[PDB]
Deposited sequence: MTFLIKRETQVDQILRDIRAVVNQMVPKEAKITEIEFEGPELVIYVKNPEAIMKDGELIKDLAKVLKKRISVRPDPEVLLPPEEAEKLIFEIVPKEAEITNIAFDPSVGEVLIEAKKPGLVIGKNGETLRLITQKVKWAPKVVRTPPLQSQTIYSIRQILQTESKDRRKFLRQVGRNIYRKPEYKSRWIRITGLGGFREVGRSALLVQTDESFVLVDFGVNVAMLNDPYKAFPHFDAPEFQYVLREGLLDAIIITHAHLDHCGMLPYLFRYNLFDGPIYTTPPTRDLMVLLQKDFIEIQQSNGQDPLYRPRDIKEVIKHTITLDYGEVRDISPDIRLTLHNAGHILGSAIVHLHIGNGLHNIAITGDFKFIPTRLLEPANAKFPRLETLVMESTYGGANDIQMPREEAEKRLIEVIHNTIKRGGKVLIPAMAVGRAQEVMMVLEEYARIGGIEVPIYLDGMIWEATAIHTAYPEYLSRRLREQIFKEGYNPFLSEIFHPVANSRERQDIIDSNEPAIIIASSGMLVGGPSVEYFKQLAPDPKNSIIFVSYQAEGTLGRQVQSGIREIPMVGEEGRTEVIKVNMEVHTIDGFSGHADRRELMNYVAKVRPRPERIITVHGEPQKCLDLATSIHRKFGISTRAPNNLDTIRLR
């Protein structure tokens, strides 16, 4: 490394554009950003940063700070006690106190004055928030881990920084991308980006549809290049497109075996959401009497290593790679990953899963980038006939099936992952509720409610409409008194036994595990009940099996004896709520993406589909395309 050698030049230009009265105590690197500590308060920053080509954060010296047990009631006083301040956390690792007030306007300073007045008394960065409608165990837990681990996090960030700046901006000699999983297949997405100077992992999923076979369930750990990057400790960073297990599922496995301790970049909502899905994942395994892939301490490590980034925020993550995340419109926090390699040498955009039309919760994926030579895109519906049903026709079909089900005295089972389709279908029923249509109750089972809480904590990540409809008003469609969160194992049993028709939405989305499987098993026989698939059912899942028509499904239970569930209930498939761009959308994304890429690489789709989309794009746009296999490596330059 030669970082402090570089800081020696940074410090020579910083202490050259700011009054010595600022008594600059220290200037170090914290993750991507540069930290300039000073022992005194107070347009300059904007200039300092535009010159240094970095993200600078200037805070008071960590010495002029007050303990969280003394600076708590010291602030609670210097604030108009009207704005109900539900909570008030502490972040000493970055000097910044969080004021989770119910009324932010009366706590920040009616005239932007109670902003600096308050900070003084304790010398902590005053940041106001609006007590979200729902409380999240997950968010609270993360906050707990971050504040009670300030020591490590500080150590970790300083290291990452010395790493990211082990040398000045570099122009790479070559660039290659290798598929470790998720190429010509759905699941276990994992793409390794290489240059002669760096290595970054884009996603690292698992395929729950096949944990039975680790060679089909995990990314290729058996790739020479990947083993070489892990063992030598050369992985600069891991980036996650979105929270689903098939993109971040194996991430904690990495810590369980001490294979990595570098930074993980992702949007805040994805950090919170993935942590949720991971705990949910190991617990479902255990409830099944199976040894879990990892444990809470491992997930605790993920948290401790994650460096969040909001959309549009450009950050240097290595000497020759610059990251920027953009909206993918797939699920809360979903991002298209953009890599600016070299200083104008080459640019890659990895799509992850994306939707290119509006939905209740999100806006179509970003299709504009400053530069874009190579585009890696998903192909879940890459087939030529993979046109999803129009959103409104689906919506109407969903209400239809429910009526023809409630009428004949039955229940409607809607399997869906805690994150994604669940909230989308919720909205559909919630708007339909406000106009008199939701008679029977709607039960949410499987951490779907916990996930819904996280949504309400991130209004800025939802569509502008749903966003304003959140904080600006005292309204919230998620709070709707029409959803009844299934509290425990018992309540679940009651619901099943009861005779009151009802709508049941529960994870997992593919009947691969969790609350959804119990309902399935118990409702299958009765033809009064109905099951509606509103998500892609992957090959190898009990879901696709049921969705395919199989009427007698063998299932292995305890003490090794198999069970044969008799499927009589009605089987319906409504794909119009999909979080995936359909065939038309994918093609249309290519047409609109700008700048037009030199080459497109189709991935994340059944083999035929990746092939089909790739062949189709080339034929219609004349763009160089390819549908690589895992372990294929494409030299981009």
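Quick one: where does the model skip the deposited sequence?
Unobserved in coordinates, per deposited numbering: 1-8, 51-56.
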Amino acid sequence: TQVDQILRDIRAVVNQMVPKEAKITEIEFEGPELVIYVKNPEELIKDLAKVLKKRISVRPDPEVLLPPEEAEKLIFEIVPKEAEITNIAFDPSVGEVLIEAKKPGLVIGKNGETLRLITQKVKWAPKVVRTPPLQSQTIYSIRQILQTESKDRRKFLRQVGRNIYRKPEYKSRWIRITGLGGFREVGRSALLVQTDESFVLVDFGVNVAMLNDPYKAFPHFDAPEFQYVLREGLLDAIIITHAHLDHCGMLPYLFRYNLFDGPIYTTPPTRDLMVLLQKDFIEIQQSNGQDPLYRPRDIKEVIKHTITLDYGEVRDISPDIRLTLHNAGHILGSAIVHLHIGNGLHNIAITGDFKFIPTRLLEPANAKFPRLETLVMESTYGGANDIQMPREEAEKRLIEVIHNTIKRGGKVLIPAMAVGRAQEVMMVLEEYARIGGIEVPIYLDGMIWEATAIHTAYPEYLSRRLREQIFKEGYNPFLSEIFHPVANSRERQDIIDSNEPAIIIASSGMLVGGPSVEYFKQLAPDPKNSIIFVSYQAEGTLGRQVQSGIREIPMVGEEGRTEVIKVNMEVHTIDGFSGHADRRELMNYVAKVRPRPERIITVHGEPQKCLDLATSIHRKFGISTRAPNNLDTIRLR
From here on, numbers count along this sequence of modelled residues.
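Quick one: higher average CA temperature factor, 565-573 or 61-69?
Averaged over C-alpha atoms, the B-factors run higher in 61-69.
Name the higher of the two by mean Cα B-factor in the PDB entry, 117-125 versus 308-316.
On average, C-alpha B-factors are higher across 117-125.
Given 597, 607, 41, 579, identify the residue with the highest C-alpha B factor in the PDB entry.
The C-alpha B-factor peaks, among 597, 607, 41, 579, at 41.
From the list 100, 363, 450, 291, select the residue with the highest C-alpha B factor recorded in the entry.
100 has the highest C-alpha B-factor of those listed.
Check where residue 637 lands among this chain's C-alpha B-factors and tell me if it's the lowest, middle or highest third.
As the PDB entry reports it, the C-alpha B-factor of residue 637 lands in the middle third of its chain.
Is the Cα B-factor recorded for residue 533 in the lowest, middle or highest third of its chain?
Middle third - that is where residue 533 ends up once the chain's C-alpha B-factors are sorted.
Would you mind checking where the Cα B-factor of residue 335 ranks among the modelled residues of its chain, as the lowest, middle or highest third?
Bottom third by C-alpha B-factor.
Going by what the PDB entry lists, where does residue 83 fall on CA B-factor within its chain: lowest, middle or highest third?
Its C-alpha B-factor, which the entry lists for residue 83, ranks in the highest third among residues of this chain.
Lowest, middle or highest third of the chain for the C-alpha temperature factor of residue 510?
Middle third.
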